[PDB]
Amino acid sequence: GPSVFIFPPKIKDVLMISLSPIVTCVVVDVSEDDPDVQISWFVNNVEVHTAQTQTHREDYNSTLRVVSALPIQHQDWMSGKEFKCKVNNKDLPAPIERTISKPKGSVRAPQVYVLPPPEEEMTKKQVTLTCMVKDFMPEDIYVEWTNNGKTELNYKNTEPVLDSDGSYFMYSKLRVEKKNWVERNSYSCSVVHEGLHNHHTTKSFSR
């Protein structure tokens, strides 16, 4: 029969009041001969009727996939309410129910540092700027590099790693032209995390 997966909102979406967090319930292995799936949503066991649901074909193996997106209030996530999807179908011996909520635990703001290129790289045409983000809990975080406020082109993030004390760390690596680095630059690391004031902080090499 079908299988159901449940997915949280993106951390940036739930921490920035201007964005639209969504909880998503995905039904896979739905039969082409029985596409009708009934999906019911609950918030702390109260049924709600606001989800947007769409069906598509998975050509890889001739099955259907149903995607149900529930728009949520930021504060319902942050306050630890439980979101539940209940999936019914003729091809199921019982409804499938999946639940998700913001895990309850310690909160510690990240310490953010920007590191210059290693000295040995300074003979190269392109150099590497590193943003160290550490000591944070929970692991959910959003990190980007920006230049003059514009979300940067060539950076890449590591995933968070569990440190020896139970906090997490990650690094963000930015490649830049050495010319741009030595000349007046505004490269900045920007971090979104629930432990920060206004859920956001930036670090830069200069003002």
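Residue numbers run from 1 along the displayed sequence.
- According to the PDB record, 184-192 carries the higher mean C-alpha B-factor of the two stretches 6-14 and 184-192.
- For the pair 38-46 and 137-145, the mean Cα B-factor is higher in 38-46.
- Highest CA B-factor among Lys150, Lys156, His56, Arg175, as stated in the entry: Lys150.
- Among the modelled residues of the chain, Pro103 sits in the middle third by CA temperature factor in this PDB entry.
- Split the chain's modelled residues into thirds by C-alpha temperature factor. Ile72 is in the middle one.
- The entry lists a Cα temperature factor for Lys90 that places it in the highest third of the chain's modelled residues.
- Compared with the other modelled residues of the chain, the Cα B-factor recorded for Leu129 ranks in the lowest third.
- Ranked by Cα temperature factor within the chain, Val112 sits in the lowest third according to the deposited record.
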